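**Student:**
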Amino acid sequence: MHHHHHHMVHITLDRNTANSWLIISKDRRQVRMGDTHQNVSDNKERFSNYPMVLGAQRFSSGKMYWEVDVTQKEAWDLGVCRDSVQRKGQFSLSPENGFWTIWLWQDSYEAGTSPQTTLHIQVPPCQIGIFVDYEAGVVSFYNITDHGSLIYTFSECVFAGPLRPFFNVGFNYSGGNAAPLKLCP
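Position 139 of the sequence shown, counting from 1, maps to 140 under my numbering, and the rest follow consecutively.
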């Protein structure tokens, strides 16, 4: 029988896209910033300038929902992006460039609108839910630590083809950002 229900997709990390200093777990569900270049070959899909990686999953219709653990991290970016986004060089995270993201940077949460939007979060998230509804043109972020309170919704999105989960683990020169981003094992 038809029943309104939630469904959480299993996201795994695409090692070929990962910046070469990222350490990805054997099950491809966690990623952290390493202190050495890893034994991985460069290639065209790999993010060169930032500690970024894509989910392997790719979709161009329907609904997708996944959660990410961000505990003990002082910096990260999360969301969804076009399959076709730039991998090499410096770039801003904006819908203009094919990214629908939020981030934490120096104790401030922001949405990656153009220009950036301050997010007034009362309870720092430990887990974040990311929902995409392709046909609706919606990317929504939820604060699992605050009973799933809505953090931000991008609406009227221009997806313009296949999408990928997007992650930035942030740098760890400070020593306060070693913890991984984690997807459900």
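Quick reminder that beta carbons are idealized off the backbone N, C-alpha and C, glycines included.
Do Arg-30 and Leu-182 have their beta-carbon atoms positioned less than 7 Å apart in this structure?
**Tutor:** Position 181 of the sequence shown, counted from the first residue, corresponds to residue 182. Position 29 of the sequence shown, counted from the first residue, corresponds to residue 30. Against a cut-off of 7 Å, the Cβ pair of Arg-30 and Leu-182 comes out as no contact.
**Student:** DSSP on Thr-102, reduced to helix/strand/coil?
**Tutor:** Walking along the sequence shown from the start, residue 102 turns up at place 101. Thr-102 falls in the strand class under three-state DSSP.
**Student:** Whole-angstrom Cβ separation of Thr-18 and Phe-60, contact assumed at under 8 Å?
**Tutor:** Locating residue 18 in the sequence shown gives position 17, counting from the first residue. Locating residue 60 in the sequence shown gives position 59, counting from the first residue. In fact, because the Cβ distance is near 16 Å, the residues do not count as touching under 8 Å.
**Student:** Going by CA-CA distance only, name the one from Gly-90, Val-140, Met-9, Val-10 that's closest to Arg-83.
**Tutor:** Translated into the one-based positions of the sequence shown, residue 83 becomes position 82. The shortest Cα separation from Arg-83 among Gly-90, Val-140, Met-9, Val-10 belongs to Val-140.
**Student:** Quick one: residues in its chain with C-beta nearer than 6 Å to the C-beta of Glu-75, no 5 flanking neighbours on either side, listed in chain order?
**Tutor:** Numbered from its first residue, the sequence shown carries residue 75 at position 74. Excluding residues within five positions, the ones whose Cβ falls inside 6 Å are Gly-177, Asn-178.
**Student:** Alpha carbon to alpha carbon, how far is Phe-155 from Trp-101?
**Tutor:** Residue mapping note: residue 155 aligns to position 154 of the sequence shown, counting from 1. Residue mapping note: residue 101 aligns to position 100 of the sequence shown, counting from 1. Cα to Cα, the separation comes out at about 7 Å.
**Student:** What did DSSP end up calling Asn-169 once you bin it into helix, strand or coil?
**Tutor:** Counting from one through the sequence shown, the residue named residue 169 turns up at place 168. Three-state result, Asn-169: strand.
**Student:** Would you tell me roughly how many angstroms separate the C-alpha atoms of residue 1 and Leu-79, rounded to the nearest one?
**Tutor:** Lying before the first or after the last residue shown, residue 1 is absent from the chain, which here runs from 2 to 186.
**Student:** Based on DSSP bridge pairs, tell me the residues matched to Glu-97.
**Tutor:** Numbered from 1 along the sequence shown, position 96 holds the residue referred to as residue 97. DSSP lists no partner for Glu-97.
**Student:** Given a threshold of 16 other Cβ atoms within 10 Å of its Cβ, counted over all protein chains shown, does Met-53 qualify as buried or as exposed?
**Tutor:** By 1-based counting over the sequence shown, the position of residue 53 is 52. Result: buried.
**Student:** Rounded to whole angstroms, how far is the Cβ of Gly-90 from the Cβ of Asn-44, which I believe are closer than 8 Å?
**Tutor:** As a working mapping, residue 90 is identified with position 89 in the sequence shown. As a working mapping, residue 44 is identified with position 43 in the sequence shown. Not confirmed; about 15 Å, so no contact.
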